[PDB]
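To start, the structure itself, in structure tokens.
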Number of protein chains: 2
Amino acid sequence: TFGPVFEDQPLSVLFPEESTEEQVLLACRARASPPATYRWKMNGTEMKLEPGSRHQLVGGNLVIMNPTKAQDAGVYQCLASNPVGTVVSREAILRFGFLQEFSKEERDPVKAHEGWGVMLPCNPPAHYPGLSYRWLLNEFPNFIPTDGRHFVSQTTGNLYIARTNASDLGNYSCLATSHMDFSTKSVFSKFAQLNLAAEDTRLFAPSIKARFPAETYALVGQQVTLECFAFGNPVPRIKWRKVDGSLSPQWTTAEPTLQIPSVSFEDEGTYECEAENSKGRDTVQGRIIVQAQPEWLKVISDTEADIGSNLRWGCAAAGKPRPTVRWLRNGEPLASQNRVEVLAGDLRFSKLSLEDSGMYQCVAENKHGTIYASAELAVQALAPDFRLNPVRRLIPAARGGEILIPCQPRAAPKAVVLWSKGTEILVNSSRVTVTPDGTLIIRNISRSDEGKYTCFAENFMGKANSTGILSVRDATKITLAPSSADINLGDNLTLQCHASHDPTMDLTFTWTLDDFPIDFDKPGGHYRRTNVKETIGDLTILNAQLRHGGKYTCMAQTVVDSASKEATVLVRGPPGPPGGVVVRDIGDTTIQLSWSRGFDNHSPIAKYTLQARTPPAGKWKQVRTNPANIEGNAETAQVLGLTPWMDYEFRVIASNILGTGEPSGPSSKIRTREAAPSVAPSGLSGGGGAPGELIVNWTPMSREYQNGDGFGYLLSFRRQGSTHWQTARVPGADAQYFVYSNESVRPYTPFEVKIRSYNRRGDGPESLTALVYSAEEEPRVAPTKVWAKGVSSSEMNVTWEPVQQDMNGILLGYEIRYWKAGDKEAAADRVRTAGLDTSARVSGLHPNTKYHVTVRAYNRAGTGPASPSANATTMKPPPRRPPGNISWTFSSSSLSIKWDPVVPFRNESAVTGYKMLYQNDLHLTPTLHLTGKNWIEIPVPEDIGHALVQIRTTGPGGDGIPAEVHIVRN
Amino acid sequence: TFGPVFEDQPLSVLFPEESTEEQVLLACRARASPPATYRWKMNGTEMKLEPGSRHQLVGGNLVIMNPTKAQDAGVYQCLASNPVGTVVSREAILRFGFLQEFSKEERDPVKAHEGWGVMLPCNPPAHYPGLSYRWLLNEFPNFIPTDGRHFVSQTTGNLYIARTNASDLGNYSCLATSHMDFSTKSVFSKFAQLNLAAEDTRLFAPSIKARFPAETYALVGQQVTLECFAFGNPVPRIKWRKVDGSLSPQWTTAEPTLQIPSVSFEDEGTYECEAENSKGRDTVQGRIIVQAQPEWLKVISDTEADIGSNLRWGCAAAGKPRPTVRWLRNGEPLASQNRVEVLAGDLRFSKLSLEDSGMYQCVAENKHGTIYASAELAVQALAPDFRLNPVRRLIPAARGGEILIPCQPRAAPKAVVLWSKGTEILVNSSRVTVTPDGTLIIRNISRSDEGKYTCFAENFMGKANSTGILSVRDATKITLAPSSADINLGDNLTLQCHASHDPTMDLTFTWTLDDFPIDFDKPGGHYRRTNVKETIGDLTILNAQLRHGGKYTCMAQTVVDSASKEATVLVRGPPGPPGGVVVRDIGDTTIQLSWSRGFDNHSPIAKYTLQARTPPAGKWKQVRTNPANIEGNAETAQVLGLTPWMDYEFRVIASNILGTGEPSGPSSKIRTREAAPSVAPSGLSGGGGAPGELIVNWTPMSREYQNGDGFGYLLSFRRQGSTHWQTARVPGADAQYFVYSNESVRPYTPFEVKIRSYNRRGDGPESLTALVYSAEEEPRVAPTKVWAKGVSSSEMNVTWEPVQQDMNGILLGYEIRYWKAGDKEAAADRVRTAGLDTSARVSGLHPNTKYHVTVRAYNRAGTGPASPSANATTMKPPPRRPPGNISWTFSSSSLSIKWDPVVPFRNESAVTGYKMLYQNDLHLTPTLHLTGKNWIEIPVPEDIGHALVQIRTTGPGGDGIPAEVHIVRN
Ligand SMILES: *[C@@H]1O[C@H](CO)[C@@H](O[C@@H]2O[C@H](CO)[C@@H](O)[C@H](O)[C@H]2NC(C)=O)[C@H](O)[C@H]1NC(C)=O
Ligand SMILES: *[C@@H]1O[C@H](CO)[C@@H](O[C@@H]2O[C@H](CO)[C@@H](O)[C@H](O)[C@H]2NC(C)=O)[C@H](O)[C@H]1NC(C)=O
Ligand SMILES: *[C@@H]1O[C@H](CO)[C@@H](O[C@@H]2O[C@H](CO)[C@@H](O)[C@H](O)[C@H]2NC(C)=O)[C@H](O)[C@H]1NC(C)=O
Ligand SMILES: *[C@@H]1O[C@H](CO)[C@@H](O)[C@H](O)[C@H]1NC(C)=O
């Protein structure tokens, strides 16, 4: 069974006077089981719906035959009643559409001045709803024309004419037109005669007589038309504006009837109409305040509740002005009662009972409407039933421990729990406690307390019992707790956790660190197990680091019971990271660094070491401070020893006795702000290069040697003994040379050079001061008295005089150019001497060839001109014939080889000696022997069977073509 | 309907051979609806329970008529079947009690040596259960005697004599005695002849032949009897002990059958029997392992579950050895399947179906028993019903926001949710999201989504729908967020929170600080509200202190939505308390303090001040520290300027720009370690006191000035010009005097004194060095030539000579003792002089009285002896008579009074002058005038009409009694 919820509710109807329908159907039907009897209210009094009267109840719907205004106007309200409860439908305000005949008094004629406006009232009769107005210039259907001169009001119905003349006279009357659901009716008014006085020929101010009202209250969605009609001479314009904002541009008109099609909450504000002509102005202000019909936000639903519970029914509604939410119970109003609290808002039941069952209604209300929301409260009384939440049937307990056994059945209301051990009914005492929600508490469990525990349940509906079996075991306790420990990094540490338990059961050890479980199977695994038995749970931390410090909880558990002990391990006293490296006090080579502190678990910080780099070019090398060991309580120390014009990043390392710690993040890229150079140019050399010019050369210097901005070289050069110093000022790094030449500077001139650097703010220090000379030129003095003589077939000797010193500088050597007989100078071979010698030897020549020799002189700059020539002829070639009649005699340790001397031909040279290569069986390499005559002796030992003898000639002709003689000993 | 759960279960029966009952009755009945069919199993296969056979099913209970060993001995098991499921009862091991007849083989006679022990076997037959053995020395009922020589075994039953002789011979026989449930049977064995050899007359070792076994496996509650019987000459003692502990003393016997009535788990261990006599010893070892039947811990219950859900039934048991928990479904074994997972432990269903409904049994098993636990799984297929968790019937939304509409009915299985906007069905797109669990997600909601949303639900069971109204409202947003702020203590601060919302609803502001709600109504309230409108919700913190800083969260809420912004306020950068102040480096006046850091939020710590007290005597004053302001990075400064011996507690104060901070907890009660005094005793004085003795008096000198331990005073005293110094050494502070007197020291002797202090380790500094004298004594020289003369009636003058200097010291004055004529020295009046005068005046005397005058001399010590006496007589009294014949004459400004002179009597003195007092009308006080004759002139002005004149006499006799004259002018 359920209470009545509506499917259709009664609507407000507009019944016309000229209706073709004799009945009014106010529809109401609510679904129900059993189907409801339906009562109707009229103005708070109940309608006696007798059969055969004019107010019949046809199917629930109220049918009213032939209504008139003094009998059936009012408010109507459907009440659906079953014996669950009574609900109230929303109110149907039955309004009568009627149009009365016009006012039959003899109205006065209207007198006004010509040239002004005129004011004729309509005086409309009593009506519903709001009429539409036009007037009549004559009989029907001759209306007033619609223009900018005649203005018809839809609020008061009067026609407003701005300026009148004598063509506007006519048969003036009012007219009304109403459009309704079943009929259309219009009715003519009384005759109005208008008379005009003499003409006031002036130009004057506008006078707005049609006033749009001061607080126009609109609902959301109502069409609102404001009116601002003006008198005056001449014709005024009408402007509409918004004072506190701007008009929305979907309906902006320059018309005296401003029409909004749908008024919403953004159109609320202060409005202004302005009339203005050529001679005056008039301003009229007003307001539109937008209100709302109530709509629901949070309503109530059909809740199933137990007897005795706390039920809070919140119910809220939104609308403008904000709705007084009130409550109905079963068609009657519900105030605050003995168990019922209404805060005009939530409905809070203190203790529920079975007389609170019924249809309750949330009603919201303001002056624009009244809305309703129904719910059923079904208060239920139940038997206790243990099929959803019973007592635990087969129960563990420990010896010396605690047991929480609840007995909470699905009972409405809260059942009387009387515990029993078998047949013995348990009473509260010093050991056994029956808490009156149902929970039995037994302290100090032994083996006399095991048994068959039955929880009884009782309310007025019925009874049930649920029976649990208590078994007493041994208690799991830790016999050897893990103690606190203090280690280092890299140490191994076990934590002892033995346990003792009942030997029927099983015992697992779970170790938790800071209430997170231990992952034994991590890659790079640290935690491992030692000494496996059943009841030994020793975790051994292997290669302990900083994340293994914290609280340890060895939980020995069975499936029924758990016991835990506490251990606290602290691993390293960490030389940790400092944070926020702040660079202060920026100087030339002096810079201030400040940092944060580290950590002090085992030990406080012993020292701070300081590091720097030039990023990204340079790396981390240790820089110097004063004091040279930074003391460990100092968060700031100042650092020296810097080389400027590089960017820098600074980090700091904390240290302890447990190892030098990992460093911090470096600081910001701080800029050096120098004012001085201090590094001299190195690698200074001078002299040489171009002839006649002073060229000084030196090394390039990179970024660590230059110091600062505006870098270049100051090379200072002057003549030895001169009183004038010349200074070169060239910027850049690539200019590693300077050339000075002048018309008064000759070759071999001594100069004094030194070099320093410069920057934007100073001059550099001095280099090595040395005396250099200007470079020499190529010579012009030829060699004299060149005489040549051949000494062999491939060598000749060329001699020349030691010549005088040239004007172009320093002579260093001589150059020999030579070519054959009949050849030229362009195919010559050029052989230079190693020094200033008066003679040299031309070697590598052909035999019997005449040569032409020219001697030139050279130095470092170039080669001078040629000498007068000399001629020489090489010696004859050696003879290609072998020596004849070769004989040999052996001995016990020697071999003597004799031969005839060589007689040459006419084109061959003489032989003054012989050379011989000798190879035997015991050696793989030949040996050289020399002689001056035609016989020789060589040692041959007794193991040699045969030998290889090659005989060639030597002398002034050169080495000849050798023979090859094979000598067998036996 | 429900499956079968058992009420009675089949017990294992022991059916004897001599039973009076022709049947066995293994009972099995389970409660059911529809009622269960009971099948039976025997040796792993089913019993064909035909009617009319020997295996009848009477009511579910199996009745077997006339059982024998080869036909019906086995394992019986009841199966209760309904079409919910099938359960299996636990096994009834039907074992038979039987006693077979004895061995009919011709057994051999037992032969051993006399003087030894002998073992006669029983050879017991096949039997069940465990027999009780007694024996036969003769025919029945002549048994063996029970003593400490015949030993009765229960495991093997053989005969054990410790020492035999020839009186133990006879026709030996075994016997057995079994006690059963329905019968008692005892049968007789074969005859045994005992023959013995010649006697081995020796004393030898014990020999335990009857050995208690190597692992005796006991259950919990079984009675265990071990056996240790020994041979030997003489008869040995039998001791039982536990090897790994001690025996429990409730059953300790010095008997060869160790008897435990109930073996529990504390008897598990190794056991030891020791046989020992006068000539040898024997030891044997064994063990008792206590095992257990399985009992349950966590079982399974009757669970209704939805189709398609995940279900985990855990099931665990306790017992030794630990039970292989396996599963039965419907009387058949249940392995791991496609949806059913068995881990031999918990049972996991992946996806349920309707074919998984049935009775499931959980079976625990070892070698000591098998236990069962039944449960029902009822897989429910349900229609979707929205009567318990519907769709929200009236849904509010924000424009531009977000809504989640869940559709989760009570449906088995998970229903198909297909949302609709009325009749238009909803497809997933980029704006509307229909999730497969049922939640409809609409982002960026405008007023085209306002509608009548219907959730649909579909499975194979049925169709249901629930319908919700979506209304589209404007979003609550914050137009002016609260910004972060930086203040001081004592500054006022307003956090702006303007909101914007639709005008139908109401807008409340909840301000939460660090997710705790702000209490405006605290005593000493700081948070107040400013500038009240509807949508303006700014909070103003007034007198803001240090707990008002943190995360502020302004939450504008309606009842349908919320909007929150964050503001962070920092209030003061505190000079907080430093914690754990540590005193190091304990010296004399130098002491080292180290403390912790504070806070640096606004500003860091500018300075540290150090204060101290001496508790409970001294208070908090600022002590001096080098350096004179402690810098803000310094946690350690050295503090000086202390006064020693005293206990101290040192407190530290941090300070900054924002005020002098709250001071810390002070340190420990630290004690300095001084060894030097530096304060001389002040206020030094000498002289006076006792006569003839040198007494030095000075100020007692308190414990803030005394410095070190072992305190006392060194007073150094010597004679002026003496070469010997005397030094006093008195400890204690109350001795403020020292007396030196000697036989060679006379009065008026000069002395030189100075004082210093001492302690345990040194001497104090010098005081003021002054020359004092020894104190004088009382004199002995009398005054000489005392002469007296009266000068008036009340005065006389006593003169004496200036006497010489006494031997007792210094004279300072004189003392006059005087009494009347006839009186004595004991009632005399004593008048002392103020110095060394030669004359003094005794005044205050009576007229006409003779006096006796004695003059003594005095000083500071005492008064010396008397002089020779002198006598003097005072003169006559003044006359008491008034002056007669008083006449007066007035003038313009004066009054002259004349009188006769006074003629005295013979006992009265003469009158040489007059004194008078005058009082008039204009003055309230009298005025005194003097005259030397018998007339006087007084000034009387003209306004005085009455005068008061009193006239008395004066002279050498004294002032007389006045008269009283009243003078009237007119
Ligand atoms: C029920 O209530 C309505 C409203 O109070 C009554 O209607 C009014 O009747 C008088 C006289 O006929 C009119 O002047 C009012 O203008 C009516 N007001 C409205 C809002 O219609 C009605 O008469 C009451 N019914 C009865 C039977 O008295
Ligand atoms: C056993 O102990 C409980 C707890 O001490 C008792 O419960 C209290 O009963 C009174 C009266 O109903 C309540 O006002 C208390 O609040 C209860 N205490 C708690 C903690 O719930 C209980 O009454 C005792 N049983 C008997 C039979 O006396
Ligand atoms: C509407 O959106 C949801 C969420 O994106 C879609 O649900 C997913 O469907 C597939 C196929 O069943 C699942 O594998 C995913 O896990 C689902 N996502 C989530 C978050 O649960 C849904 O299919 C979409 N609707 C339609 C009609 O396409
Ligand atoms: C214990 O620690 C040391 C140092 O870390 C290590 O060398 C050693 O191998 C560790 N012991 C074991 C058993 O791993």
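Each chain of the structure tokens is named A, B, ... in the order shown, its residues numbered from 1; ligands are numbered from 1 in display order.
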
message: Please find the residues contacting ligand 2 at a distance of at most 8 Å between atoms, with only C-alpha atoms and all ligand atoms counted, and report them as a list in words.
response: residues 427, 428, 429, 432, 433, 434, 435, 436 and 437 of chain A

Print the selection's residues with C-alpha atoms to a file, as a PDB file, in the first residue's frame.
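Final file, result_31.pdb:
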ATOM      1  CA  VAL A 427      24.787 -10.824  34.750  1.00  0.00           C
ATOM      2  CA  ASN A 428      27.164  -7.831  34.761  1.00  0.00           C
ATOM      3  CA  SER A 429      29.944  -8.218  37.336  1.00  0.00           C
ATOM      4  CA  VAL A 432      31.656  -9.867  32.315  1.00  0.00           C
ATOM      5  CA  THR A 433      30.000  -6.742  30.853  1.00  0.00           C
ATOM      6  CA  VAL A 434      26.756  -6.613  28.831  1.00  0.00           C
ATOM      7  CA  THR A 435      26.681  -3.201  27.126  1.00  0.00           C
ATOM      8  CA  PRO A 436      22.976  -2.377  26.385  1.00  0.00           C
ATOM      9  CA  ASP A 437      23.346  -1.950  22.620  1.00  0.00           C
TER      10      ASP A 437
END

- request: For residue A:863, work out the shell of residues within 8 Å, counting only C-alpha atoms and skipping chain neighbours fewer than 2 positions away, then give it as a count of residues only.
  value: 9

For chain A versus ligand 4, which residues have an atom no more than 12 Å away, and what is each residue's nearest atom pair and distance in Å rounded to one decimal, using only C-alpha atoms and all ligand atoms, chain-then-number order, as JSON lines?
{"residue": "A:487", "atom": "CA", "partner": "ligand 4", "partner_atom_place_in_ligand_line": "2 (O)", "distance": 11.1}
{"residue": "A:488", "atom": "CA", "partner": "ligand 4", "partner_atom_place_in_ligand_line": "5 (O)", "distance": 9.5}
{"residue": "A:489", "atom": "CA", "partner": "ligand 4", "partner_atom_place_in_ligand_line": "5 (O)", "distance": 7.9}
{"residue": "A:490", "atom": "CA", "partner": "ligand 4", "partner_atom_place_in_ligand_line": "5 (O)", "distance": 4.2}
{"residue": "A:491", "atom": "CA", "partner": "ligand 4", "partner_atom_place_in_ligand_line": "5 (O)", "distance": 4.9}
{"residue": "A:492", "atom": "CA", "partner": "ligand 4", "partner_atom_place_in_ligand_line": "1 (C)", "distance": 4.9}
{"residue": "A:493", "atom": "CA", "partner": "ligand 4", "partner_atom_place_in_ligand_line": "1 (C)", "distance": 8.3}
{"residue": "A:494", "atom": "CA", "partner": "ligand 4", "partner_atom_place_in_ligand_line": "1 (C)", "distance": 10.8}
{"residue": "A:526", "atom": "CA", "partner": "ligand 4", "partner_atom_place_in_ligand_line": "14 (O)", "distance": 10.2}
{"residue": "A:527", "atom": "CA", "partner": "ligand 4", "partner_atom_place_in_ligand_line": "14 (O)", "distance": 11.2}
{"residue": "A:528", "atom": "CA", "partner": "ligand 4", "partner_atom_place_in_ligand_line": "14 (O)", "distance": 10.1}
{"residue": "A:529", "atom": "CA", "partner": "ligand 4", "partner_atom_place_in_ligand_line": "13 (C)", "distance": 11.5}
{"residue": "A:530", "atom": "CA", "partner": "ligand 4", "partner_atom_place_in_ligand_line": "13 (C)", "distance": 10.2}
{"residue": "A:540", "atom": "CA", "partner": "ligand 4", "partner_atom_place_in_ligand_line": "13 (C)", "distance": 9.8}
{"residue": "A:541", "atom": "CA", "partner": "ligand 4", "partner_atom_place_in_ligand_line": "14 (O)", "distance": 9.6}
{"residue": "A:542", "atom": "CA", "partner": "ligand 4", "partner_atom_place_in_ligand_line": "14 (O)", "distance": 6.4}
{"residue": "A:543", "atom": "CA", "partner": "ligand 4", "partner_atom_place_in_ligand_line": "5 (O)", "distance": 5.9}
{"residue": "A:544", "atom": "CA", "partner": "ligand 4", "partner_atom_place_in_ligand_line": "5 (O)", "distance": 8.4}
{"residue": "A:545", "atom": "CA", "partner": "ligand 4", "partner_atom_place_in_ligand_line": "5 (O)", "distance": 10.7}

Write the residues of the preceding selection, restricted to N, CA and C atoms, as a tab-separated table (two decimals), in the first residue's frame.
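This is the output file out_22.tsv:
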chain	number	residue	atom	x	y	z
A	487	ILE	N	73.18	2.82	13.92
A	487	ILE	CA	74.10	2.25	12.94
A	487	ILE	C	74.75	3.38	12.15
A	488	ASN	N	75.44	3.01	11.07
A	488	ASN	CA	75.90	3.94	10.05
A	488	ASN	C	75.37	3.50	8.69
A	489	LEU	N	75.75	4.24	7.64
A	489	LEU	CA	75.53	3.76	6.29
A	489	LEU	C	76.55	2.67	5.99
A	490	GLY	N	76.11	1.63	5.29
A	490	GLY	CA	76.97	0.51	4.95
A	490	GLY	C	77.01	-0.59	5.99
A	491	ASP	N	76.33	-0.42	7.12
A	491	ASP	CA	76.33	-1.43	8.15
A	491	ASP	C	75.17	-2.40	7.95
A	492	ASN	N	75.34	-3.61	8.47
A	492	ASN	CA	74.31	-4.63	8.49
A	492	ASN	C	73.68	-4.67	9.87
A	493	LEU	N	72.36	-4.83	9.90
A	493	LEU	CA	71.63	-4.72	11.15
A	493	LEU	C	70.42	-5.63	11.12
A	494	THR	N	70.34	-6.53	12.10
A	494	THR	CA	69.17	-7.38	12.26
A	494	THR	C	68.31	-6.84	13.39
A	526	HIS	N	67.53	-4.67	-0.36
A	526	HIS	CA	68.27	-4.46	0.88
A	526	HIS	C	67.80	-5.36	2.02
A	527	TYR	N	66.50	-5.56	2.17
A	527	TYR	CA	65.96	-6.31	3.29
A	527	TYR	C	65.99	-7.80	2.99
A	528	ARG	N	66.66	-8.57	3.85
A	528	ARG	CA	66.69	-10.02	3.67
A	528	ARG	C	66.51	-10.71	5.01
A	529	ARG	N	66.11	-11.98	4.94
A	529	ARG	CA	65.71	-12.77	6.10
A	529	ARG	C	66.83	-13.70	6.56
A	530	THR	N	66.91	-13.89	7.87
A	530	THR	CA	67.97	-14.67	8.51
A	530	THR	C	67.28	-15.57	9.54
A	540	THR	N	66.80	-8.67	8.64
A	540	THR	CA	68.16	-8.17	8.61
A	540	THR	C	68.34	-7.19	7.46
A	541	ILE	N	68.54	-5.92	7.80
A	541	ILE	CA	68.76	-4.87	6.81
A	541	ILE	C	70.19	-4.96	6.34
A	542	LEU	N	70.38	-5.13	5.03
A	542	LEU	CA	71.71	-5.30	4.46
A	542	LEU	C	71.98	-4.15	3.50
A	543	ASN	N	73.16	-3.52	3.67
A	543	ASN	CA	73.60	-2.23	3.09
A	543	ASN	C	72.57	-1.13	3.33
A	544	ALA	N	72.49	-0.74	4.60
A	544	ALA	CA	71.48	0.21	5.05
A	544	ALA	C	71.81	1.64	4.63
A	545	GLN	N	70.82	2.32	4.06
A	545	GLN	CA	70.93	3.70	3.63
A	545	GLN	C	69.91	4.54	4.39

- request: For stretch 99-110 of chain B, please output as number ranges by chain all residues within 12 Å (counting only C-alpha atoms; exclusion window: fewer than 2 positions along the same chain).
  value: B: 16-18, 96-97, 112-113, 117-131, 159, 169-180, 183-197

message: Show me, as an MDAnalysis selection string, every residue of chain A with an atom at most 8 Å from chain B, counting only C-alpha atoms.
response: chainID A and resid 265 292 296:299 317:322 394:396 503:506 560

Serialized selection, N, CA, C and O atoms, as a compact mmCIF listing (two decimals), in the first residue's frame:
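Just written: again30.txt:
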# COMPACT_ATOMS: atom_id res chain seq x y z
N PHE A 265 16.30 38.26 -15.15
CA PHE A 265 16.90 38.84 -13.95
C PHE A 265 18.02 39.83 -14.26
O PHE A 265 18.44 40.58 -13.37
N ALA A 292 10.22 36.25 -8.94
CA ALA A 292 10.15 34.90 -9.47
C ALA A 292 9.08 34.10 -8.76
O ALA A 292 8.84 34.28 -7.57
N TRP A 296 11.30 24.37 -6.77
CA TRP A 296 11.90 23.58 -5.71
C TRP A 296 13.36 23.27 -6.04
O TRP A 296 13.74 23.23 -7.21
N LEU A 297 14.16 23.06 -5.00
CA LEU A 297 15.55 22.65 -5.14
C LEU A 297 15.81 21.27 -4.55
O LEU A 297 16.23 20.35 -5.26
N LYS A 298 15.56 21.13 -3.25
CA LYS A 298 15.69 19.87 -2.53
C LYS A 298 14.33 19.55 -1.97
O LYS A 298 13.77 20.35 -1.21
N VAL A 299 13.78 18.40 -2.35
CA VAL A 299 12.49 17.98 -1.83
C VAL A 299 12.67 16.71 -1.02
O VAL A 299 13.77 16.20 -0.84
N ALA A 317 13.70 25.69 -1.15
CA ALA A 317 13.04 26.24 -2.32
C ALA A 317 13.66 27.58 -2.70
O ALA A 317 14.14 28.31 -1.84
N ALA A 318 13.63 27.89 -3.99
CA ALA A 318 14.18 29.14 -4.49
C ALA A 318 13.11 29.97 -5.17
O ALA A 318 12.31 29.48 -5.96
N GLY A 319 13.12 31.26 -4.87
CA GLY A 319 12.19 32.19 -5.45
C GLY A 319 12.42 33.57 -4.89
O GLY A 319 13.08 33.74 -3.87
N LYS A 320 11.87 34.56 -5.58
CA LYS A 320 12.03 35.93 -5.11
C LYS A 320 10.65 36.55 -4.93
O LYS A 320 9.87 36.57 -5.89
N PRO A 321 10.28 37.05 -3.72
CA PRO A 321 10.93 37.05 -2.39
C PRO A 321 10.92 35.70 -1.70
O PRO A 321 10.04 34.89 -2.02
N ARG A 322 11.89 35.48 -0.80
CA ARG A 322 12.41 34.14 -0.53
C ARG A 322 11.46 33.35 0.38
O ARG A 322 11.00 33.90 1.39
N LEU A 394 31.33 -19.18 15.19
CA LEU A 394 32.43 -20.04 15.63
C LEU A 394 33.66 -19.16 15.85
O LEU A 394 34.30 -18.72 14.89
N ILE A 395 33.96 -18.94 17.12
CA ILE A 395 34.51 -17.68 17.63
C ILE A 395 35.89 -17.99 18.18
O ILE A 395 36.02 -18.94 18.97
N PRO A 396 36.93 -17.26 17.81
CA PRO A 396 38.19 -17.37 18.55
C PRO A 396 38.33 -16.33 19.65
O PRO A 396 37.76 -15.24 19.59
N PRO A 503 50.22 -24.01 19.24
CA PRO A 503 50.88 -24.85 18.22
C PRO A 503 49.93 -25.53 17.23
O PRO A 503 50.41 -26.16 16.28
N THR A 504 48.61 -25.42 17.42
CA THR A 504 47.68 -25.79 16.36
C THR A 504 47.69 -24.77 15.23
O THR A 504 47.49 -25.14 14.06
N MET A 505 47.93 -23.51 15.55
CA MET A 505 47.72 -22.40 14.64
C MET A 505 48.95 -22.17 13.77
O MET A 505 49.95 -22.89 13.86
N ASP A 506 48.89 -21.15 12.92
CA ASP A 506 50.01 -20.74 12.08
C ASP A 506 50.36 -19.28 12.32
O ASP A 506 49.49 -18.48 12.66
N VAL A 560 43.67 -15.11 13.64
CA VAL A 560 42.70 -14.70 14.64
C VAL A 560 43.20 -13.56 15.55
O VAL A 560 42.39 -12.91 16.22

- request: Name the residues in contact with residue A:670 at a cut-off of 10 Å, using only C-alpha atoms, excluding same-chain residues fewer than 5 positions from it; report them as a PyMOL selection string.
  value: chain A and resi 583-584+586+591+646-650

Writing out the chosen residues with C-alpha atoms as a CSV table (one decimal), in the first residue's frame:
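Produced file selection34.csv, reproduced below:
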chain,number,residue,atom,x,y,z
A,583,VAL,CA,75.2,35.2,-3.7
A,584,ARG,CA,75.8,38.7,-2.1
A,586,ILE,CA,79.7,41.5,-5.7
A,591,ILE,CA,82.3,37.6,-3.4
A,646,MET,CA,84.0,34.5,-16.3
A,647,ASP,CA,80.5,33.6,-15.2
A,648,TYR,CA,80.3,31.5,-12.1
A,649,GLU,CA,78.2,29.0,-10.2
A,650,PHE,CA,78.9,28.2,-6.6

task: Give me the residues within 8 Å of residue A:757 as a PyMOL selection string, counting only C-alpha atoms and dropping any in the same chain fewer than 5 places off.
output: chain A and resi 677+679-681+711-714+763-765

query: Of the candidates A:24, A:57, A:67, A:912, which shows the shortest atom-to-atom distance to ligand 1, using only C-alpha atoms and all ligand atoms?
result: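 For ligand 1, the nearest of the given residues is A:67.
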
- request: Return as a PyMOL selection string the full set of residues in stretch 824-953 of chain A whose backbone-based DSSP assignment is strand (DSSP E).
  value: chain A and resi 829-832+839-842+850-858+870-873+887-890+894-898+913-920+927-931+935-939+946-953

message: Residues contacting ligand 1 - anything with an atom at most 10 Å away, using only C-alpha atoms and all ligand atoms - can you give me those as a PyMOL selection string?
response: chain A and resi 42-45+68-76+93-96+126
